[PDB]
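Got a structure for you, written out below as C-alpha cells; questions coming shortly.
So that you can tell them apart, the chains are marked A, B, C, D, E and F in the order they are listed, and the count of residues begins at 1 in each.
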C-alpha cells in the first residue's frame, strides 16, 4: 500500500511518462519501500537481481541499480530522473549557502550522501512521514537531516535533554512543539536522538 | 536517530510496534569502501604529495579500493583504508558499526602535517644552498 | 679576515654539504613519516605499548606493500617533539617515561578535538595547571553551578578542566562538536538555553580518574581519548629515584644538575647553529663587503666553542651515575 | 525604446576573477560597475572590456549589495558626481565618488553601525538632500545622511532579519528572512501594513513605479492611489515564485488602516525552477533571473513568459540591471547587464 | 586591435626581491606572474601591485623558465596551470586558485639530470602535455594527467637551450649555433639548419593568422600548417627562417633564412610576435620593435632597465581562446617588471 | 561639515542636538529670535561626567563631542 501511494505521487507530480521511465520509476519506488531496510551487501545484491528477474517475468530497460535511479524534485518542477553531476553541483552550492546561514560544517560531498539526501527528501514530502535513521556515529545523520529540513522550510526542533531532567521537561517540550504545529501552523521536523531517551 | 541498534533502549525503540509500523526505516549502516575512497580523494587533493619518484606497486585487484594505482595519492588512500580496516579487525570491536571518526580525523591530521613538514623541508634546503654558495 | 672566517666555517660547510646530499632521502621518506605520525596521533591514544608495536608493524607492512618509503628508524618523539617542548613539559612535572611523553605530545597536539584524559592518579591535572600556570578553572560534572561558571570561562577565555568526565552532561554538546555560529565578526555557541560569545582563546579539557568507566557514544566518538597509565619503566624509575634519594642524595643532585645543564647546553648550541646559518643567509652582499657579518660569525663560533666545551667537560662524570644506577636494578626488577 | 527586448545572445562577455555579487550600469556613460565576493569593486568600459578601467579592494569580506546615484543639486553651485555605495559582510557601508577624468574609485566616506552583515543598501536624492538606507542581518533598518555621514533614523520592521528594501518617496517596503513584506513610513518610523503569502524567505522586493502611458500594473486605479503615488509592488522569493501585490492605502504621518492592514496578492508568476534572485521592470516587461542558470522576460500584461535565456550562465545568476524608465534624469537606454556565479557577466546592447 | 604599439613609459612598475628570470601574463585576468632567481614565484594584481597577491617559495635554486595554459575541457571545470622549471632538476606544476589567491601544487615532474632550461605546455582535446629540455641534451615529454614521462629523444649533440611546440612538431635551439626540427610523437628528425655564430637563446614557431610571414605561400604549407619560424642567438642577430616541407612519421631538407633583422648591441634574450610586429629585447638594456613585413626597426625603448632585459610577454594572437589584449610586460635583471597597459 | 539652522524654523532642537553629538560647526540664523532653550550652550555650563562632558539642553542630557 506504500508502494502504490508512492507510484501515484511520482506519476501525479511528474512529467510525461514513457514505458521505460514508468518502469524505472516503479523500480525506484521498490527500492525505497523494500530494500532500504536491508543491512548487508549480499541482501542488496539479491534484491537487485530480484528486480531484474521480476521485470523480465512480467514487464519485458536500462540499469536499475540502487545508484542508477536518482529521481528528484530538487532540480526541476516535476519529479523526474536527474543527472548525477548536476545534482552534486546543486547540492554543493546549496550546502555552502546552508553553512553560511545556519551552521558551518566543513563536510565533503559524495555519492552516498546524495542517495541518502534524496530518500530523506522523499520521506519528508509525505503526509505523516516519519523516519528512523540507524547507522554509525559521525556518518552525517543529524546534520544531513537538518540540511534537508532547511531545504524544505521546516522548523528544526532538538529537545534539550540533559542530566538532572525528567519526563516533566520532555512533556513540556513535546507540548510546545505540538502547540506550535497546530496553533501557529509551524511545519516542524522534530529530531529525537537515542541518547535523549 | 539511532547509533547502536544492539543497545537495550535502541532495541526497544526499533522493535516497538508503535514506531515500527509508522516510520520508514532507513538503514544508514556505515561507510563502505567506495565512500571512504571518495572522501579520501577529496581530502588529499590539496596536499603537495607528488614531489618524489613513485613506482606503481604490483597488488591484487581485491587490495585496491580505488581506480588502478598510478599516483602516490592512490597508494596513500589505499593504505589508509586498509589500516582502518585492520585496526577495527585486530582491536576486535565485534560487529559494532564501523564509525568513520578515526578515518576522518587521521585524514585531516595528515593534510596539516604534510603541509607543515614539506614547508620546513623546502626552507631548510634553500638556506643550506645559500650558505654553501656564499 | 676572510681566510680565517672561511677556515673556521669549513665545519659548517661540511655539515651543510652532508645535509643537502641527504636531502634526496629526506624528501623520499617524508610522506611515509607523515602517514605514520598522523595515524599514531589518531589511533594510538588509548593503546598500550604492545598494541602500539603491533599496529606499527601492521602499518609498516602496508607501507611496504604499497611502495611508500619511510624512515626505518622512525621514532614518534624524535620526529615530532622538540627540545623546548620536552624541557617545559618536564618542568611542569611530567614523568621522564617515554610513554607519558608520547601521550603528552599527542594530547597537546589535539588542536581540533576536545582531548579526553584518563588519569587514575590525577597527575595530569597538576601538569596542565603548571603548564598554564594561572587562569585555570576546575569544574565538575558532579557539582552545582557548573553551567554558569563554564559560561563565564567561555566568555573570558580561561582554560577549563572538567573533572569526573564519566558523568558527561550533553548540555555542553555544542562545545564537543565545536558547532559554532560565525555571526559576522564574532563566533558564538549555543549552550544551555541561550547563545554565548566564544572569546576564541578558550580551551577545554575533560578528565576522568575512573578507568573502565562509561563514556557515552556521542562523547566517545568525538574526543581524542588518551590513556595516562603507569608501566614497568615508570615504576622502576620512581623506585630508583626513591632508593637514590634515601641512600645518596649528593649523587641525586649532581645527576639532576648535570642532566639539566647538558640539555640546556644542547638547546643553546642548536639555536646558535640556527642563528649562524640565518646570519650567513641574509648577508646583503659578500662577507668581505659586510665586516659586521664577519665579526658576528666569529663571535657566534666563539660562543659555540664555549658551549660545546662546557658540555663535553660536564659529560665526563656520568658513567659514575651509570654504575650507581646499575647497583639497584635488583630492586627495580623485584 | 521601452519596447526593446535584449537579443538572444550577449553583446559582450566580461570576465572577472571570482563570483559576481552585483552589477550596475553607469547612468550616462557606457560603463558597468561590478562587485565581487572578495570585497573588490571594478569599473569596465563596454567597448574595451578586455582590460578593467579600474578596480579597488575596499572591503575585506564579500560585497553583498551595490547601489549608485548620480546627483542633481539645484543650482547649489556644486559639481554633480556619481556616488557609488557598497555594503559588505564586514558590517560596513562604503561611499565612493567616481572620478571620470581619472577613471578611479575615490572614497568619500564610510558608514558604521550594524551588528551583522548588510543584505541591501539603497541611495536616493530629494531636492538638495541625499540619503543612504540599509538593512542587515541584525534585523534593523537604518537611514544615514549622505553629506553629514551619520545616522538619521533607525527602526526594526521584522522579528526576523531583513533581506531587501526599496524606497519610494517617504516610504520603505522591506522583505525579510520571514515570509512577510512590510510597508513602513520612514520619516516617522511607523509600520503601516504587512503582506503575507510566501512560503520561503524573500529575496527581493521593489516598488512598481507609474509610467506616463496603457500598462496593467503601472497606473493608478483611483484618484486616492494616484494622489498617494503608489498602487502596486512586486516581490520574489525562494519558493520559485514572483508575486504582484496591490498595496493597501493608509489614511492620509500616515495612520495604519485598521481594516486594510494586509496586502492583496493580485497576480502570481511561476516558471522558474529554483530560487528567484533578481527582478526588474522595463516598459511593459518584467525581467527576472533564478538559481537555474536562466533569465526570463515576462509580459506584465498577462503574467506569462515571453522569452527565456536558458543556460545563459554556467552557474547561478546573481544580479540583473536595467535603466530607469520612471525618471526624467535617466535615459532608458537599450542596455541590460546580467552577472552570475560563473565569474562572468553578460552585457546586452542595442 | 593587433595594430597596437606600447607607449614609451610603462603604466606600472613592480619591484621584487631580486633579478627577474621569467614573467608570464595571466591569460584572462589582470594578473602577472613573476618567477625570480631565488626560486620564488609571485602573483601581482596590476591595479594593486605593491604587496604581492601571493608569494611562494617553490624551488631551492633559480627558476629558468615557466609557461601557462588555461585548460579547455570538453566535459570537469577549467583552471589555469602553471609549470615552473628550475636549476634543481625539477619541474613543479601548480594550479592557480583565484578564489584564495594561492598556488596549489598539483605535482612535480622528475627525470632530467641537469638544469632544465625551457618548458612548453599545450593541450590536445582533453589531453594536456608538458615538454621540456635541459643541459643533459635530452628532450622529454610528460603526460599531465598521468604524472610520468611519455616520450624521450635527443635532437642535438649540444644541449638544448630552448624549444617551442606547434601541432605535433618541435624546433629545438641548441647550445650550438644550429637549430633542428623534429617530429614530436616519433623523435624522427626532419630538418636542420645553421647561420648563427653563437648559442641560440630563443626559437619559436610563426603561426598563420589572417602579413608577410604569417600566411602559407603554397597549398602544401597550408596543408602542413606551418611555413616559417624565428630564432635569435648571442650573435646579436634575429633570423626568420623558412621551414622545408618533408616527405608527407614524415621522412626527410635545410632551414632557409628568408629575412635577417639586426640592430641590437648585445645578446638577444626574447622574441615575441604580435600581429604585424616583432618585439624583442637584448642584453643592451633596451627593448625594440621591428616591422614583420619590411624588416625595419620601428621603435626603440632605451634604458627600460638598468640591467639586462630577460623576458617579454605578449598575448597569443593565433588562438580563438586567447583575447589579444593591448598589454605587454617586460622584466629584467634589476628587480623590476615594467607593465605597459593601453 | 557646516550646518545652517534658524531660530525661526521647526526641527531646530533635534538638528542642534545631532550637531552637538557629532561635532559639526553650527550657524543659527535669525539670532534676534533667540530661544532660551539652548541657554546652557551660551553659558557653557557643562557637566564634566568623569571622562565625558555633557550638556543639558531641551529636556535631557546630550554628549558634547568637544569639536
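Quick notes
The rule is simple: a residue touches a chain if its C-beta (ideal position, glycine included) is under 8 Å from a C-beta of that chain, and two chains touch if they have at least 3 such contacts.
Listed by label, the chains touching chain C and chain E alike are B, D. Remark: among chain pairs D-F and B-E, B-E carries the greater number of C-beta contacts.
Relative to the whole-protein C-alpha centroid, the nearest chain centroid is that of B. Averaged C-alpha coordinates put the centre of chain C at 57 Å from the centre of chain D.
We define each chain's centre as the mean of its Cα atoms; on that basis chain C and chain F are separated by 64 Å.
Distance between chain B and chain C, defined via averaged C-alpha coordinates, is recorded as 26 Å. Put simply, the C-alpha centre of chain A and that of chain D have 37 angstrom between them.
Residue positions of chain F in touch with at least two other chains are not found. None of the residues of chain E touches two or more other chains. Contacting chain pairs (ordered by label): A-B, A-C, A-D, B-C, B-E, C-D, D-E, D-F.
Chain E makes touch with chain B in their complex at residues 38-39, 57-58, 60-61, 104-108, 110, 146-147. Chain D contributes residues 148, 150 to its touches with chain F in the complex. Those residues of chain E that touch chain D in the shared complex are 28-31, 45, 47-48, 98-99, 323, 325-327, 341-342.
Those residues of chain C that touch chain A in the shared complex are 141, 167, 169-171, 179-182, 193, 216-218, 221-222.
The part of chain A that touches chain C in the complex is made up of residues 103-105, 137-138, 160-163, 195.
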